[PDB]
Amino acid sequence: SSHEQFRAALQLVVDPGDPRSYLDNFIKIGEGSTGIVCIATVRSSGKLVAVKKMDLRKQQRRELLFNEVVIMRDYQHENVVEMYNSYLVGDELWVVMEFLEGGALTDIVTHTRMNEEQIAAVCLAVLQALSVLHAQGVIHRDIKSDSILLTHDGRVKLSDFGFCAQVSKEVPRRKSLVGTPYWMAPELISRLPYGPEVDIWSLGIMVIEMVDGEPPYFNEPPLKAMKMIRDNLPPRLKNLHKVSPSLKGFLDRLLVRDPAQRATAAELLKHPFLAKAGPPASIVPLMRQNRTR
């Protein structure tokens, strides 16, 4: 199909009109591999929103742009960032989202040590979201610290659904090479049909982020990191001797090469490691000060 055909199809899927009719003060605040995010203000109320802008021409696989705007429309969950509206503006898809004033987990893991009360809190929030999404056949496919956002009071919400997918009884597995190389599950890199289990592996890589500060193989070329994830034993914590046996045991249920033996989100919510999870207040110090690893 041509670019004009794709644009016309996406136009039928999004909300009509131009959101510049009610938004002001577009300022870029961050980016992903598929586009940028701006803060903006609703002109009549002063409400702050985040606007993701993705150029229809600059996508590796532009049909992925259908997925979030359809799958996640009207989705409501305590631990999921809200999508308000979506629009076509020129050759860009704009998705108007909830603004999460605490920013991304990435800026925490690069600036401070996290204790296990805080790591368990983050894991519990993400698994509460994933258990509900996976039960509806939604695979996130891009779990990583960049995808976890915080409120100023320390609540945790999952974002970055641009790569998500839908499985069903009729189409129970995906086969697309989708995600971020260092976090990708080995069966996904292997081009095997896969399901929600890939999110659990990615969550395990994010635990390594929270313990060590970076995922495995992070200054390796991405194609080389992907080969090592596919071919090597599951990656290991740099700070292995610093974590509790409970954390190690939890991680050992995530970084399981065989997806059939990997724990599910619902199974993980029962794990004793998550009994350590602190309340939102336990997370707030991570946004206000830095403590070295």
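Note that residue numbering follows the sequence shown and begins at 1. Here the rigid core means the biggest group of C-alpha atoms that line up within 1.5 Å when the two forms are laid on top of each other.
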Which stretch is less alike in 6 other deposited structures of this protein, 257-265 or 32-40, counting RMS CA distance after the rigid core is superposed? 32-40
Fitting on the core, do the C-alphas of 68-76 or of 150-158 deviate more in 6 other deposited structures of this protein? 68-76
76-84 versus 123-131: which one carries the higher mean Cα B factor per the record? 76-84
Taking the recorded C-alpha temperature factors, which stretch has the higher mean, 155-163 or 168-176? 168-176
Among 225, 54, 50, 254, where is the Cα B factor highest in this entry? 225
Note to self: of 36, 229, 64, 263, the C-alpha temperature factor tops out at 229
Among the chain's modelled residues, which third holds the C-alpha B-factor of residue 268? lowest
For residue 215, the third of its chain by CA B-factor is the middle
Please place residue 193 in the lowest, middle or highest third of its chain according to the CA B-factor in the PDB entry. highest
Can you tell me whether residue 107 has a C-alpha B-factor in the lowest, middle or highest third compared with the other modelled residues of the same chain? highest
Ranking every modelled residue in this chain by its Cα temperature factor as given in the entry, which third contains residue 23? highest
